[PDB]
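Participant: Could you have a look at this structure, given as structure tokens, before my questions?
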Ligand SMILES: COc1c(C#N)cccc1CC(=O)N1CCC[C@H](C(N)=O)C1
Ligand SMILES: [Zn+2]
């Protein structure tokens with residue numbers, strides 16, 4: 001679990017969105033596993049605007065942060081799950097690191113701010129949905 005709070009927006013994994021998220025929907029994309037909803041309280045996370053390939057992510061299954069090198073956002077095949085059929089997920093970045101299903105929502109940050117959130121994993125890999133291209137999160 002986990003979310004990003006920036007201005008009047010809440011960014012979460014689309015497969016973990018709640019009834020309130022869907023009732024206050026701003027935008028969602030199944031191909032990215034992202035959903036953004038509106039909030040009444042003000043958010044203070046800084047979204048990174050960069051091409052960093054190194055950062056730190058929070059891993060709930062270990063109660064620890066880990067430093068990682070990660071790939072550029074791209075289309076990566078993702079095996080079928082209870083939430084989606086087998087498909088290419090876009091804007092996804094991989095890194096060698098530990099992750100378990102409950103780790104989705106953990107934030108990945110670089111020196112510039114929030115880069116994305118955990119969205120996939122397994123086999124000693126962790127995948128992050130990128131948010132750095134969503135320029136509207138800040139305006
Ligand atoms: C495969 O299970 C893991 C593991 C592992 N091992 C480690 C981390 C996460 C998962 C779960 C995961 O990747 N899923 C299920 C929920 C939706 C995801 C998606 N974006 O399509 C795919
Ligand atoms: Zn950066």
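Note that the numbers count up from 1, one per residue, in the order the chain is shown.
Note: Cβ is positioned from N, Cα and C throughout, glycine not excepted.
Residues annotated as active site, for protease 2A activity in Swiss-Prot: 15, 33, 104. The annotation Zn(2+) 1 binding site is assigned in Swiss-Prot to 50, 52, 110, 112.
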Participant: Which ones are near residue 15 (active site, for protease 2A activity): of the recorded positions 33, 50, 52, 110, 112, which have a Cα within 10 Å?
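Facilitator: Final answer, ordered: 33.
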Participant: Tell me which recorded positions (15, 33, 50, 52, 110, 112) have a Cβ under 6 A from ligand 1; sequence order is fine.
Facilitator: 15, 33
Participant: At a 10 A cut-off on CB-CB distances, which of the recorded positions 104, 110 has the highest count?
Facilitator: 104
Participant: Which residues, same chain and not among 50, 52, 110, 112, have a CB within 8 angstroms of the centroid of the CB atoms at the recorded Zn(2+) 1 site?
Facilitator: 48, 49, 51, 55, 111, 113, 115, 132
Participant: Looking at Cβ-Cβ distances, which residues of the chain lie under 8 angstroms from residue 112 (Zn(2+) 1 binding site) while being 6 or more apart from it?
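Facilitator: When sequence neighbours closer than 6 are ignored, residue 112 (Zn(2+) 1 binding site) has 46, 48, 49, 50, 52 within Cβ distance under 8 Å.
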Participant: Identify, in sequence order, the residues in the chain of residue 33 (active site, for protease 2A activity) that are 6 or more apart from it along the sequence and have a CB within less than 8 Å of its CB; answer 'none' if there are none.
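Facilitator: Residues satisfying the criterion: 13, 14, 15, 84, 89, 119, 120, 129.
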Participant: Could you measure between residue 104 (active site, for protease 2A activity) and residue 110 (Zn(2+) 1 binding site) for me? Cα positions, answer in whole angstrom.
Facilitator: 18
Participant: With the Cβ under 6 Å from ligand 2 as the test, give me the qualifying entries from the recorded positions 15, 33, 104, 110, 112.
Facilitator: 110, 112
